[PDB]
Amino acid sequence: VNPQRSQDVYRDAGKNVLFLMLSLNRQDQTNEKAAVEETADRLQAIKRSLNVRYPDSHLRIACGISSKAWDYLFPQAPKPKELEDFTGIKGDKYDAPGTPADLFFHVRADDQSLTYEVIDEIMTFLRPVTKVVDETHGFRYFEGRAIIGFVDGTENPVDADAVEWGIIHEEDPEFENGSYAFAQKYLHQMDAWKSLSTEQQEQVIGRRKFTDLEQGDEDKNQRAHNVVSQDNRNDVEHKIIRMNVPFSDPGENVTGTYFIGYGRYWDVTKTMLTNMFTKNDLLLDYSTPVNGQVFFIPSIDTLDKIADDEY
């Protein structure tokens, strides 16, 4: 495993965020493939250039390919072990939808100008062969809190744990240092949420609001977000890297969280998601999912194979 050959899957969610889902036109496979191959080279060149121009601005990029896109572009080729089509989850109280999509970009920087420029330069190659599925603009709230006012990402794995849980190792050697990324846009019912007491919100989440100290298990609701969202199969505490992001039009009162979770194992994310939706996570009473798809995030070297037309 070498995290230096990974895309930016494992660390910084960033002060200014852009999320873009595209579909391929499915009009001319050859020409569409040719433009994805150009894009695999150009996207790295664009990051190099902006990192030269703005080295203090923490530019981070992750770009992804869905199962459907992979089957259409690379029909003759190997496929990452756990790459599948997400079609939604049938839950108890609540369902989650699946969204058809082919390409994903998660762009983060200290300034919105750099997130604008990455996408504007990439779309010179990709606009003639795509349509937009979703485009969301996100930001870091005060003290890295989610827009609901609780600290976002405290139980994320960090340093060696982030590598361990974030990127593909020797189990799938063709695609080592890749990642599986699940994108899921939620709208919040901020009015209802704001009418709860602090203590009522703390029951929903499983932690104290101001200090962010985890509640003692004796005091938690068993449907609290930080209980049901876990994957503890086989007495192992499975992790992914969550870099969740507020988005808002606060004039219109349209506010939400765009979930983005990077894992070595799609199987772990999918299990956490199944647990939430079958056991009725309390946070789902204030959170309505409106899209969702999973993408494979290639390593640097997999991008180089794609650019050189090996798949």
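Counting begins at 1, following the sequence as shown.
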query	finding
7-15 versus 297-305 - which carries the larger mean C-alpha B factor in the record	7-15
Between 25-33 and 262-270 (mean CA B-factor, as deposited), the higher	25-33
Most elevated Cα B-factor in the entry, residues 77, 204, 109, 167	77
Most elevated Cα B-factor in the entry, residues 39, 66, 244, 248	244
Relative C-alpha B-factor of residue 135, binned into the chain's lowest, middle or highest third	middle
Chain-relative CA temperature factor third for residue 102	lowest
Record-listed C-alpha B factor of residue 225: chain third	middle
Entry-reported Cα temperature factor of residue 193, expressed as the chain third it lands in	highest
Residue 154 - Cα temperature factor, lowest/middle/highest third of chain	middle
